[PDB]
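[1] can you look at this? It's an experimental structure, sequence on top.
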Amino acid sequence: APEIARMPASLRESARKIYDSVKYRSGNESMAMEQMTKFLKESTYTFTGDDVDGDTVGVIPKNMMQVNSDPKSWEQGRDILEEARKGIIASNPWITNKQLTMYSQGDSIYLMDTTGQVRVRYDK
Amino acid sequence: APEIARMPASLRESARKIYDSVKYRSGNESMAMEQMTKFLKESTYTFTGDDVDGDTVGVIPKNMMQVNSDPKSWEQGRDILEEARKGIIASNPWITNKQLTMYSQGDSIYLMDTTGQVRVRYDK
Amino acid sequence: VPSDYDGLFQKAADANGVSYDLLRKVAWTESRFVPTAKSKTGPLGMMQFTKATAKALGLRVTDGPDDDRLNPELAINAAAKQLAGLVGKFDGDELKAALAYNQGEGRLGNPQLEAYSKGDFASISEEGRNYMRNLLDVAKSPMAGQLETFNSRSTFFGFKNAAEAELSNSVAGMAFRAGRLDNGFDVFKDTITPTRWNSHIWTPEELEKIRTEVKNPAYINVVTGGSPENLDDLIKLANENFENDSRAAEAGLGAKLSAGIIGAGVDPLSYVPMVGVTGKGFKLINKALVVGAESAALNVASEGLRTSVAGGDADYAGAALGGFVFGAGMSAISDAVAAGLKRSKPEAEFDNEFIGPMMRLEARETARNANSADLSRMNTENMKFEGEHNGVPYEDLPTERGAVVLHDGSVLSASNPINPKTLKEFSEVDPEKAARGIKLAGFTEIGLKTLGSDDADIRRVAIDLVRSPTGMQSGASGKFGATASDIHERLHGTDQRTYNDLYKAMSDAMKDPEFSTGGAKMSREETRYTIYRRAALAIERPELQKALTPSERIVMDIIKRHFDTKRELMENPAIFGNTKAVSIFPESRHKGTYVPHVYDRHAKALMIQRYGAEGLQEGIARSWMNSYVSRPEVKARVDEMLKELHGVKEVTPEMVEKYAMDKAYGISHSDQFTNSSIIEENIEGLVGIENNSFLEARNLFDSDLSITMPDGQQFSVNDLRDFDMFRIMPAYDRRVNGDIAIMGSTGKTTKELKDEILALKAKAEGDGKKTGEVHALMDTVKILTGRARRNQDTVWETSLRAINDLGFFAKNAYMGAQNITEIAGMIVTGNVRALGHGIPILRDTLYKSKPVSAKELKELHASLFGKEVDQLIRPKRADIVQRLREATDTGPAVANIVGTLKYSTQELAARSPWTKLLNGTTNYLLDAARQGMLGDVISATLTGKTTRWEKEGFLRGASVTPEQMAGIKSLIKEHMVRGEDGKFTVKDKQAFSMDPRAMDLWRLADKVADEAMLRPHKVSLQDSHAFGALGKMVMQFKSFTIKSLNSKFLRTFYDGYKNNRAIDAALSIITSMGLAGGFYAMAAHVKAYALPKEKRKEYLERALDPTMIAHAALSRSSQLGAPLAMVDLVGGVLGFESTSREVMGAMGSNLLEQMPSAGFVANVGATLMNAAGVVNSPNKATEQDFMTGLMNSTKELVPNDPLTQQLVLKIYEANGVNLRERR
Amino acid sequence: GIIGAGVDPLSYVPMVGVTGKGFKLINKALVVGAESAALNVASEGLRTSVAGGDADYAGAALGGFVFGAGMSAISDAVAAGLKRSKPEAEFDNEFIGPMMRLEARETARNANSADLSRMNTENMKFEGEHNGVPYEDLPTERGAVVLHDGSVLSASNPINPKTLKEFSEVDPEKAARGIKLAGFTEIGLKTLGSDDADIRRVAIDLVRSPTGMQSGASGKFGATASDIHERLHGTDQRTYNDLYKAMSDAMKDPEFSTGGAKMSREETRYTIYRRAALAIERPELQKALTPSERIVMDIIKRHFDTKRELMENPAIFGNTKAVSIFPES
Amino acid sequence: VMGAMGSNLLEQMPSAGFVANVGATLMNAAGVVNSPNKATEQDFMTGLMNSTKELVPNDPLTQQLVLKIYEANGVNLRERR
Amino acid sequence: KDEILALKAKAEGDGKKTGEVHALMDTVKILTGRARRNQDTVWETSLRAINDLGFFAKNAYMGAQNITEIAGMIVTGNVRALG
């Protein structure tokens, strides 16, 4: 699963707590996985390659894309980041949709290709 | 957590007993963690650095800082100790904030760097 | 951009782990790349510091020029250590460390550092704030955003800068304005982070704990979740995981896939990383594809897979599961890429190129496991066949490119290494690499030519040497002896069997925790060398045997038994027919196992650079004399020999000293006893067939004790010796088998037989028929002594012939052999497709059929010449190259000069993360990069151009003084010829390898290659701009590796399990095959330009296709650390490339056999044959011998781990493939 | 956190079964930058070569931490008691500085990076060399000099240069001639530079020149007496450490450790050594040795056999005209 | 420097080839002759630990007993500074 | 020994040669073990070796400092208590 395979760093500890709690309360591992997946999907946006399969270029925490104090405004940062991804693809032809990786450091969003030649840093 | 980590060690046994009591009362170790953590928070004050990532320079029990008979005088004791830490840093700029550590012994409060230069005792 | 210090900066970054970009840009700001910068303040240095830093921490234990002077390497190292300390002290904050470096600390620094800590950049001084703003790009800091809030960017849309900044309120301009290019990507900081258990080399105590307590040591390599605190927890976790995976395999992926990998449409791409799956419960019996299905096998042959090594049917199952996963995934990749391309061009069909082979492979494996009715077999009706490569008929299928069908209906696809069409076509169009070989004649041809034409002496020698298969003479008592030919075949067979035993033993030995589990101590080649050296030293000194692990004990026992048997045959060559055969062995009465004494050319060169000729000679003599005086048995045998030689009752010490000096003269002043493969490569004149070097290197002393040289260092003759039984055991075997055959057939020695043949030439110098006869006899002697040269091409043709025979008789072994070769073909063709897609230089210039430009042709000439020169001058011993690479680091030098405690190189070695992590890929890339650098330097020198490696810093990274570089130029001018075209040639070849300056040339090339090409963690296009064809090819391979490491599957796998070892295996396989294909392409383009203009297009179209490039990759791609060579494991007798009454005679032979091999069941794991077993062995190779040889030989090409096959597959999927075109 | 947490070992139960085993002092905090990979193959772990290392070291470390923290608590309590008598008196802890720095060092050692006990060496002139080790006196702490890297060795640390120098300067009658007369490096320069035939001949045989203008290309293809002496010292020292561990194991057996004290420790050592020697001379006695004494006897036998082998064949080194100083072969 | 390198690059004595024995080197004459004259770092470190094994007790219990004896006794505490 | 005494007797005149033969005599005294290194070489040798460790072997260096500091603590606590 893109959210669990590429789980961002802080959401790792939050998700471990949720998984452990639901497992303890219910015993069911499926319930714990469903709850932890629900948390990750609510708390992240999964950027996907607009291709047949360029899928899962990155799972960014939703609060890192957030502009201003409004929680719903993460969509504005999402639009900015997707425009950045498209601009990076279009500007450098040799980069294709499968080359880009989106990932988050502690306080930044990094959009890079498979090589290290192109990295742009998006911070709050 | 700043209270569970570090820990004044005057409360280690009391927190042990509280954790056991809550675990046995309600057969829930999450509740036991929550209760012993909140006991430590209410019984101690966590001193924090001035930096943006301000980390815990020390955790000192609340009662050790009381200046007069009012239980709330620990606030004034805390203010005195914060001023003492600021003065120690300002007088000795060699000490990066991470060296300076605050801890409580059986009766007194010591703030000292990770070196034998500076060690200041503060009795109640 | 580069300014003559990139090697030093890179070294001082890998040591003292710190960003190379930090150090370089600090150089930028502080000095702008001048070693002594005039400043009014007073600092004068590369990093611009006098201050108190200088003397500070570094120096004060050595004569320090310091305040006035600093060694640039030392200055950069000290600054790098300071910056690493600051970076670590400030958690990972790169910018805080930069502020502390520039603004100092204590007086004015500490308030500014505190202000930085509290945000508060206003309090920070203007100079320091500007310094951090300069470093924003290269420095990683949590405070970078706050500094940015407190432009040479590629336009998102429209015009640059002002268009997107002053305007474009619409999102895209916003995204441009928030860009902040990072350009600070470090693959080992970001992608592949070294863990605690990676990069941790075990102490002996930990090694014994791991060996005793860990069931499967490979489980130490995985680190899932949080790292275990201590090795006891790691061991416990490893054992728990091993038990869980063993418990899971019965319902695991092997069992699930044991029914229908491809009939069920399984997609391996949508799979978890298959970590525990080792393919143990994998018998592919697909229900359906099973028609008639006898439960009883037809013969005692067939039945099971006829391999003779233990663990067979299990490693075969692992290879099969990995191949099925890989092939099904590659079919899925082909379909997906074809769909993506059909999006662009709907009327385009493309070819899967994998799914036909995979469907037939499932059918074959299903019938093999269900015992009956292979459904992959074609209907052979209305097929005329015709077309024989080596007597194997075949029909070309129009439907499938290449892909012929055999007599029984078995169809071998294209790129199957054994199919006759690909083998024939590779023979017809092979780049310069096709040579004389063994095509001159074979034993059957000489038998007819010489054994029967009117000459007493000619026929006498022929009857002694060559056996006539069918003749009109049919002598009833022609010879009651073995003949040289039969001895040669027998020895080849027994050597091949013991080679397969040694292969299995060495694989088990070098899988042990010391080399596989922890941080990578040594390369695979070096682990092989260490194990072989341990075995040999334990053979010579039995006290060392208690220090061998049981696996190395088995290895040593195999090697000891082999060498003891060889000695026993050389001492008594009359065990064969000839009673007047006497002891070709040089010095008997020296009762002990003779491990052949061969001395490294480059070890001798090192001991001549200092202590030129008399020094090395007298050191060898004095170490031998140390043995003589120390051990009484040595004294006894030497005294007996000297008494016999000089005919004197007493031996004076003067006599033994003179004897030792004379024997050391051979080593010191002659390369007769060195590696010296090139002189053996020449065959004309029969000069060197006399004087076997392995036997003459024999002496009565012990090379074990060392002597202190005048400079105080200790030298032992064992230090010169070359172990590794990879070039050593085969070559010793060839020579000694030739000599054994000569004396076992003829009473005469090699010298006497050669003299007789030259006398026969002198006698019959007239007649053309008789000259042809004596020439055939000479060719027989040349084949027999091993001069010959069978070439690499014999492995696959021998496999084709043997697999045809298996198809006639052993059904299950036949099908298993076809399956393994089909898997190898699919692996190599998938590699060719993926790397033709991914690596640019391949698709644009080399894999393309279009002829290259004149400048590109010159670059190809330079690169291939660099490879040739590397093969000429490279140190063969892996220890030598490892120590040469490691010792040049500053740590070893400073510890040797100043240190009071000894330490050792490989403890103070810096070592790139490319070597510590992903070792095998790095070794392949270093070899290719060094060859490319050699070619580049040679081409520049001959053309007169001055390289960017001429300048002082890069030479300082190596040991190349100003002087040695000029000497290198002179050497290249003296021994290299500049062709009329770009072609490069060598004068005298051997004389060039003789020059001491060749060692300096090789060292320069290797260190430049490492520092400039492999050590950096960044690949950029500008990096590929600098180097030539081989250089940019290897740089694009390094870029491919970095891309794959950043692929989603590989990132996820490393995050979940760490396990750098598995990724290393995968990328190593990729790099080996791809470099093989690239070299083939370059040589093919060169050969095309060698042809006339009209034929170049046809030849390039015919020689540059996926089938021939894939066959070239299967041909070469020699694994660096492969125990023994693939030729040794499966190689036919060199002379032997190719009514009922004789049948009844052979029956009467096999009715009566009462040898122990017939009476006893074969040993499980090691035959350990003695002289009686060798003499009683049949001359023809048995079917189980061939089958075990095939599996061992393909163990290098076809991985046994399904996980590495899956990793290779996912690397390819992230990369992409070509799909052919049209039909 | 023994001392970052203010642990008071004085209020502790007698702590009997505790042998130090799962004691890796990684204090959270005092851990800044913290690499998981070591810089070299050197470093990495503690480089001891005896078995059970990292475990007896851990026991010694835990005992030392307990002792030092307790002594800090004792000193603080005694200072409080004395302040009761005279409030205007400060006194010195003399343990808590060393103990805080010890916690910081051990924490960085086990966390592999960034020792926080290290001084800021800026504005330090160092100067003051005992044996080529520079140092700065700290006015803040009595004695307690700081080294080049910022490592501060307290006073009474047996190795710190200032205490060593002062002990040399004022040592009671017990200061003797010793080895102060000359060293091999001085001997080589003085006598190998003679320009005399016999003096230089003897010097070439005996002493090796570290750096000289002569730089003989074929001066001597032998070991030389100095190098033989140093090699034998090294091998003997390794054998001594092997014997030390073996004998520790031997005297830890039940016979000498468990019951009523049968003999003193010196006598346990003597009895074990005598058993080993008698078993060496009479091999029949070896069946009576416990496995630990068997290891001791094997070590001693191998040492003496090697020494005899070197006496019998002193030509195993460079000189070929060297013949059997061993008295009675 | 380069001479000392050219020396250590070639070493194939058994101590280099083989992993060190656990607990007892048991050196013979060949090992003594092939040993380097300079003491290695592991030799010094093991010597230091063994030598201090006498001064610094390996048992935490005896350290606690010494500590409590001192506590029952007392400490001087220096004076002033 | 006999050769060195003979050389001393031969060069009884020259001060430089007497110094040389006395250096050779001191060499023999060191070499045969007459010498006497004293107890103080233990801690000075440890100081030199620990400095070298600090240059090259970080973990070993820090462990050596820790063990020496613990020894100093033990001995200084003993001195204080028994004083």
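    Right, received. Where do you want to start? Numbers count the residues shown, from 1 in each chain, chains lettered A, B, ... in the order given.
[2] longest strand of chain A?
    Secondary structure of chain A per DSSP state E: the longest strand is strand A:54-61.
[3] tell me the first helix or strand C-terminal of that one.
    helix A:74-91 (DSSP states H and E).
[4] other SSEs contacting that following helix?
    With contacts taken as 3 or more C-beta pairs under 8 Å, 6 or more residues apart in numbering or on different chains; DSSP states H and E, helix A:74-91 sits against strand A:44-49, strand A:108-112, strand A:119-123, helix C:172-177. Bear in mind the C-beta positions are built from the backbone N, C-alpha and C, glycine included.
[5] for the ones you listed, give me JSON lines that also has mean neighbour count and distance to chain B.
    Shown next, in JSON lines, are these (neighbours: other C-beta atoms under 10 Å in any protein chain shown; distance: least, C-beta to the nearest C-beta, whole Å):
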{"stretch": "strand A:44-49", "mean neighbour count": "20", "distance to chain B": "24"}
{"stretch": "strand A:108-112", "mean neighbour count": "22", "distance to chain B": "15"}
{"stretch": "strand A:119-123", "mean neighbour count": "21", "distance to chain B": "14"}
{"stretch": "helix C:172-177", "mean neighbour count": "21", "distance to chain B": "24"}
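[6] right, and those - which one's nearest chain D?
    Of all those, the one in closest proximity to chain D, counting by C-beta to the nearest C-beta, is strand A:108-112 (19.1 Å).
[7] residues in contact with residue A:114?
    A:98-99, A:101, C:1042-1044, C:1046-1047, C:1214 (C-beta atoms under 8 Å, 6 or more residues apart in numbering or on different chains).
[8] typed the wrong thing, it's residue C:1085
    For residue C:1085, the contact set (C-beta under 8 Å, 6+ apart) comprises C:845-846, C:851-852, C:856-857, C:860, C:1100, C:1104.
[9] repeat that for residue C:340.
    Counting by C-beta under 8 Å, 6+ apart, residue C:340 has contacts A:51-52.
[10] any idea how far residue A:97 is from it?
    To residue A:97, residue C:340 is 11 Å away according to C-beta to C-beta, to the nearest Å.
[11] on that earlier part again, could I get the contacts of residue A:114 as a markdown table with neighbour count?
    Below are these laid out as a markdown table (neighbours: other C-beta atoms under 10 Å in any protein chain shown):
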| residue | neighbour count |
| --- | --- |
| A:98 | 20 |
| A:99 | 22 |
| A:101 | 21 |
| C:1042 | 20 |
| C:1043 | 20 |
| C:1044 | 25 |
| C:1046 | 22 |
| C:1047 | 22 |
| C:1214 | 20 |
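[12] residue numbers of chain A in contact with chain B?
    Within chain A, the positions near chain B by C-beta under 8 Å from any C-beta of the partner chain are A:21, A:24.
[13] pick out the residue of chain A closest to chain F.
    residue A:106 (27.7 Å).
[14] relative to chain D, how far out is that residue?
    15 Å (C-beta to the nearest C-beta, to the nearest Å).
[15] make sure that residue is actually in contact with residue C:142.
    Yes: using C-beta atoms under 8 Å, residue A:106 is in contact with residue C:142, at 6.3 Å.
[16] give me the more crowded residue out of those two.
    More neighbours surround residue C:142 than the other of residue A:106 and residue C:142, with 19 against 11 (other C-beta atoms under 10 Å in any protein chain shown).
[17] got phi/psi on the more buried one?
    With angles defined as degrees, to the nearest 10, residue C:142 sits at phi -60, psi -20.
[18] you'd agree it is up against residue B:53?
    Yes: Residue C:142 is within contact range of residue B:53, at 7.1 Å (criterion: C-beta under 8 Å).
[19] mutual contacts of these two, please.
    Shared contacts of residue C:142 and residue B:53 (C-beta under 8 Å, 6+ apart): none.
[20] contact partners for the residue nearest the centre of chain A?
    Closest residue to the average C-alpha location of chain A: residue A:59 at 1.5 Å, with C-alpha atoms, centre = their mean. The contact partners of residue A:59, taken as C-beta under 8 Å, 6+ apart, are A:2-3, A:6-8, A:40, A:44-47, A:102.
[21] mind telling me which residue of chain C is nearest chain D?
    For chain C, C-beta to the nearest C-beta, closest residue to chain D: residue C:88, 3.3 Å.
[22] can you tell me the closest non-neighbouring residue to that residue?
    Nearest non-adjacent residue to residue C:88, counting by C-beta to C-beta, 6 or more residues apart in numbering or on different chains: residue D:33, 3.3 Å away.
[23] put the alpha carbons of the longest strand of chain A into PDB.
    Below are the C-alpha coordinates for strand A:54-61, written out as PDB (Å, rounded to 0.1, in the frame of the first residue of the first chain):
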ATOM      1  CA  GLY A  54       3.800   6.200 -12.700                       C
ATOM      2  CA  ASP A  55       1.800   5.600  -9.600                       C
ATOM      3  CA  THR A  56       3.000   6.600  -6.100                       C
ATOM      4  CA  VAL A  57       5.600   9.300  -6.700                       C
ATOM      5  CA  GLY A  58       5.200  10.100  -3.100                       C
ATOM      6  CA  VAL A  59       3.100  10.200   0.100                       C
ATOM      7  CA  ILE A  60       3.400  13.600   1.700                       C
ATOM      8  CA  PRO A  61       1.900  14.500   5.100                       C
END
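[24] how about residues contacting stretch C:1151-1160?
    C:1172-1173, C:1176-1177.
[25] ends of it, what's the gap?
    Start and end residues of stretch C:1151-1160 are separated by 16 Å (C-alpha to C-alpha, to the nearest Å).
[26] can you give me the buried ones in it?
    For stretch C:1151-1160, a neighbour-count test (16 or more other C-beta atoms under 10 Å in any protein chain shown) marks nothing as buried.
[27] for that stretch, the distance to its chain's centre please.
    Averaging C-alpha positions (C-alpha atoms, centre = their mean, to the nearest Å) puts stretch C:1151-1160 41 Å from its chain's average.
[28] the stretch 701-850 of chain C: strands as residue ranges?
    In the stretch 701-850 of chain C, the segments counted as strands under DSSP state E, counting those that start in this stretch are C:706-708, C:714-716.
[29] save those strands as JSON lines, and put in distance to residue A:22 too.
    What follows is the strands of the stretch 701-850 of chain C, written out as JSON lines (distance: least, C-beta to C-beta, whole Å):
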{"stretch": "strand C:706-708", "distance to residue A:22": "68"}
{"stretch": "strand C:714-716", "distance to residue A:22": "67"}
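[30] and the residue of chain C nearest chain E?
    Counting by C-beta to the nearest C-beta, chain C gets nearest chain E through residue C:713, at 3.5 Å.
[31] any chance you could map the strands in chain C?
    C:395-396, C:404-405, C:411-412, C:706-708, C:714-716, C:976-978, C:984-986.
[32] can you lay out the ones you listed as CSV showing mean neighbour count?
    As requested, these are exported to CSV (neighbours: other C-beta under 10 Å):
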stretch, mean neighbour count
strand C:395-396, 18
strand C:404-405, 24
strand C:411-412, 26
strand C:706-708, 26
strand C:714-716, 25
strand C:976-978, 15
strand C:984-986, 17
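[33] residue B:123 is nearest to which of these?
    Of all the strands of chain C, strand C:714-716 sits nearest to residue B:123, with 66.0 Å by C-beta to C-beta.
[34] tell me what the closest one is packed against?
    helix C:614-630, strand C:706-708.
[35] rerun that using 6 Å as the cut-off
    Packing partners of strand C:714-716 (3 or more C-beta pairs under 6 Å, 6 or more residues apart in numbering or on different chains; DSSP states H and E): strand C:706-708.
[36] counting by contacts, list what the strand it packs on packs against.
    Counting contacts by 3+ C-beta pairs under 6 Å, 6+ apart, strand C:706-708 packs against helix C:614-630, strand C:714-716.
[37] relative to residue B:31, which of these is closest?
    The closest approach between residue B:31 and any of those, judged by C-beta to C-beta, belongs to strand C:714-716 at 69.8 Å.
[38] give me the contacts around that closest one.
    Outside of strand C:714-716, the residues within contact range by C-beta atoms under 6 Å, 6 or more residues apart in numbering or on different chains are C:619, C:623, C:706-709.
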